[PDB]
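Please read the structure below before turning to the comments.
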Amino acid sequence: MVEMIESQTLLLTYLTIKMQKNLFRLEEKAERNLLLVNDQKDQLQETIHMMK
Amino acid sequence: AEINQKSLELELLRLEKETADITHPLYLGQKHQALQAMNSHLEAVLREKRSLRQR
């Protein structure tokens, strides 16, 4: 019984570490994409204001 | 964006203040009145030219 629980713990832990590593990579790519688009928004906003 | 809006407003108000003496209805109205008083006076003087000449 102790050997079975340990095997379960190993599976869960493996899944967890694998997911966390791949999630951090997505979050970083996402934030970068948002900042790039936000910067484009900011340039357009300044040009519109000057024209007005 | 908010700074830009307020900055424009300020610029507009400043332009209006600087040109008010020649452009605002209030100041222009006062000048009209002074001119009408003198007109009337001159009309009167011209109407009594003979009497004034005799005097």
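Identifiers in the structure tokens: chain A, B, ... in order shown; residue index from 1 per chain; ligand index from 1 in order shown.
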
Give me the chain A side of the contact with chain B, cut-off 12 Å, one line per residue showing its nearest atom pair and distance in Å at one decimal, counting only C-alpha atoms, sorted by chain and residue number, as a tab-separated table.
residue	atom	partner	partner_atom	distance
A:41	CA	B:1	CA	12.0
A:42	CA	B:1	CA	9.6
A:43	CA	B:1	CA	11.6
A:44	CA	B:1	CA	11.6
A:45	CA	B:1	CA	7.9
A:46	CA	B:1	CA	8.0
A:47	CA	B:1	CA	11.3
A:48	CA	B:1	CA	10.4
A:49	CA	B:4	CA	7.2
A:50	CA	B:4	CA	8.8
A:51	CA	B:8	CA	11.6
A:52	CA	B:8	CA	9.3

Include C-alpha atoms and write out the residues we just selected as a CSV table (one decimal), in the first residue's frame.
chain,number,residue,atom,x,y,z
A,41,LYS,CA,-2.4,51.9,-29.4
A,42,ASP,CA,-0.4,54.6,-27.6
A,43,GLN,CA,1.2,56.0,-30.9
A,44,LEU,CA,-2.2,56.2,-32.6
A,45,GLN,CA,-3.7,58.0,-29.6
A,46,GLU,CA,-1.0,60.7,-29.6
A,47,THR,CA,-1.3,61.3,-33.4
A,48,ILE,CA,-5.1,61.7,-33.1
A,49,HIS,CA,-4.7,64.2,-30.3
A,50,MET,CA,-2.3,66.4,-32.1
A,51,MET,CA,-4.5,66.5,-35.2
A,52,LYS,CA,-7.5,67.4,-33.1

Just how far from atom CA of residue 9 of chain B is atom CA of residue 31 of chain B, in Å to one decimal? 29.5 Å
